[PDB]
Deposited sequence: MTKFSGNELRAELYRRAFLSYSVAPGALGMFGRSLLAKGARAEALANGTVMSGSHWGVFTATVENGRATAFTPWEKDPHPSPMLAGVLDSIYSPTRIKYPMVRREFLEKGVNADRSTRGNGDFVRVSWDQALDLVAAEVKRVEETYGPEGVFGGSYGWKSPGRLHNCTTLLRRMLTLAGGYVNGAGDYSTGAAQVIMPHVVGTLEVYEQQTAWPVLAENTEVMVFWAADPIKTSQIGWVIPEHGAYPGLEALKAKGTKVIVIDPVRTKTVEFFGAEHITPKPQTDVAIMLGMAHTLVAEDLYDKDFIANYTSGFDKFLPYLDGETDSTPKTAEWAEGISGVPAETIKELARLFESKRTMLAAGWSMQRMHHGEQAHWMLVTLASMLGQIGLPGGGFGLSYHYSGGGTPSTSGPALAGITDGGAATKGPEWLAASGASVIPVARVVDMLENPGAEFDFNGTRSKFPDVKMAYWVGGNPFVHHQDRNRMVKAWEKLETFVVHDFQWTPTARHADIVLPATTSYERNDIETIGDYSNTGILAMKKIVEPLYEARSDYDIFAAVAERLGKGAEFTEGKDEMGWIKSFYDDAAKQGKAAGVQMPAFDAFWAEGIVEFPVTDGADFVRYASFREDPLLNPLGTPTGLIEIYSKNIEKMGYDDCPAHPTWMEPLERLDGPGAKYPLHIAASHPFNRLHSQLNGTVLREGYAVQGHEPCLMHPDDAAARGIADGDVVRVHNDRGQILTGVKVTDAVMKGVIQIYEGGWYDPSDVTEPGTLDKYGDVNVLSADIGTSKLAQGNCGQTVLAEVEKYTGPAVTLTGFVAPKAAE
């Protein structure tokens, strides 16, 4: 095979060059306006040293099963087995747990970003097999907008975080002031959940070309700041709600806010105002009070409030500030401030929670929806409570107004996810995993999660199979044929093939496949989309002509004029919101009735577990544990891209020159970052891009424990979740709080370390 083949991924559409059956280059689609340099690593992930070659069973589990010593999971002592042996064992273990403990004994939430593709949807496929086996405990929500997706339905009556934004071209013609509040769109627009079109890049360029005023509110001087030469505000992390309250307070005290908008489109501002004015707690939430907490000068807070009230302003917020203790307060207070400014539903004004994610704002086409394989259908937990569940079987927990009991789980099955990187408080989690009798993982790269499994099955990538998928989570630019580029490597198999074999052994083979093969499933999804298109007046070709061209693109009709909340603004009685009042709920009677101490019935400033310069806080530096520039989470850490950012081989840590100098740390030194939960190594990069008092260690580094049998073992590489706490945002959402982290840093003076996470375990070589 010598030629080229087009396909797609979370990073975009591309064409691969193939030479004697090997992919040798991935070249960006010629219509991609701003491709990601991460494509190089996506191609490298098919072949790197951490590619999973064969099915493996952890030696202890292979010998003793349920009586295994579980304290050694992750030490790398695996045994290679055949596919028939491994498939029989997995089917036997699913059957035994289902039969002994019921569906409540199997956890199949398998949270994860996997790969796009309507057929090869590993996590849906997992749940299709588990439903056929008798059922499972699922997870609810995500780590992404854990709090925001739960509080928004109560405030604005919709999900809001994953819904279309006022279109980019509408902003270029009407916005005078664009605010990126805890958002770094240049960084986070490189990927999509479905294939990305990178629509934010022309949208950002158009704002810059129009000369629109841009303000960034973030502890780090990011590439979004640099792109625009933006006015940059640097709040101490976790204090954005105080800043917003000081802005709101200024708008009332100077008599500037939109009283008519508040009276006509909102409910409960009259119960929020006494709090804001300090009538209930003797503490007026003034700009000065906000400076005391956040460090942002009081006069700067008042001038921004003034500026925002006097100009058509769009508040484009990102999600780091809701991935923290009391995370629900951030976007609730943001909507409350935007309601006082009175521009919601006006062209170019209001707020948007998705301008930094998967092309939100890219004009939607008139094309049809594309759907794929389905799963064939307490039993559900908030996703981030998985370790609490394992440690407290039968215990009660609160979630969004209802109380339930944790199921008693004995097996976990994970595919397309990396919990030994994404979950908070690694040391606690490692100990809690000993409650599981059996842990099964599918991946194509030797992540920490695969290293810690009892049974490891090698999955294929999307580049070794055929699939179909939309281009554009919001734009619906078109539909792509994700064509097979190379044959499956080593003994890797698709998740579909693996679960069909397991289901077959359970006597449910035919039900799992539904009588179809790979192209029979794909053609069925295509034809359904084509039927809907024909009925909508969007004619598409027949499946074989579509597949030969490789893509179908759809036309934009009125999508470039979309203004979010315009129909509500234009007539709120005719087009009410989905809340109990039909209005924006600044005070929520439904939340009040829950009686949750950590989620009051209006936006409130509350002390988090720990914050930079908080009264009595133990550790001195905040860790901006944010999304990586050159990975998708942990994805691509085991590729050639790593050498472009590693420092002495470790994950990098940005540190301000003043904080480095106080510890005698030089640029490029190996340093230990530690607190009461754990300790890791990173390689420092000294730079004033991070504000003083803050260090930046991205999430996604592959945890590489020095000795898994040692409690509190040093991580040799730099997984920042060895340092996070595992607590819920509050009882409302129970979201993860992965960015509520303080720690100390010192030049490292312990034993030298050898990195073992970027080569396969010896027996799997």
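In this chain the deposited sequence has gaps in the coordinates at 1-45, 423-435, listed in sequence order.
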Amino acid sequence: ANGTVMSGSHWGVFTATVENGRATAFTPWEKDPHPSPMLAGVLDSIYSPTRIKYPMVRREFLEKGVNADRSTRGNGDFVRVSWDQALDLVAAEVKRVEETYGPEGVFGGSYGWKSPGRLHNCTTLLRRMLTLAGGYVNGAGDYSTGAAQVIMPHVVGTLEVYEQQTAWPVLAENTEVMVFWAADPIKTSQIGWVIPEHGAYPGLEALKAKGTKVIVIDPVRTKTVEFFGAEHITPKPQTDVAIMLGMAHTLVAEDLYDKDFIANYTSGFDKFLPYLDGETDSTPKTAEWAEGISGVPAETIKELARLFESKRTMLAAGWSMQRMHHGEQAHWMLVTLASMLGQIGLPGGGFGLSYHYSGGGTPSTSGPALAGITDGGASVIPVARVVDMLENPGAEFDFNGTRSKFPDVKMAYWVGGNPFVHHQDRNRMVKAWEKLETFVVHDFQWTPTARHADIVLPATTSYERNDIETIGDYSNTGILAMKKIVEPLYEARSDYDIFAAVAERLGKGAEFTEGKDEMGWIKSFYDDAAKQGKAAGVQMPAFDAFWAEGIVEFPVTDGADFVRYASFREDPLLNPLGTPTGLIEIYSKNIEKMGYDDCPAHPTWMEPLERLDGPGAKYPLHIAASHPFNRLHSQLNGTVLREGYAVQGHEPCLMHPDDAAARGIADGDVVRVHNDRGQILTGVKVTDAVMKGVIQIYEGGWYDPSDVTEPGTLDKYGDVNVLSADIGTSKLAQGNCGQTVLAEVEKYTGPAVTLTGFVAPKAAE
From here on, numbers count along this sequence of modelled residues.
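If you average the C-alpha B-factors over 331-339 and over 563-571, the higher value belongs to 563-571.
Comparing 450-458 with 582-590, the stretch with the higher mean C-alpha B-factor in the PDB entry is 582-590. The maximum CA B-factor among the listed residues 622, 208, 405, 650, taken from the PDB record, is found at 405. Comparing the C-alpha B-factors of 278, 417, 628, 116 in the entry, the top value falls on 278. When the CA B factors of the chain's modelled residues are split into thirds, the value for residue 53 lands in the middle one. Among the modelled residues of its chain, residue 21 has a C-alpha B-factor that falls in the highest third, as given in the PDB entry. Among all modelled residues in its chain, residue 725 ranks in the lowest third by Cα B-factor. Looking at the C-alpha B-factors along this chain, the one for residue 9 belongs to the lowest third.
In the PDB entry, a CA B factor belonging to the highest third of its chain's modelled residues is recorded for residue 69.
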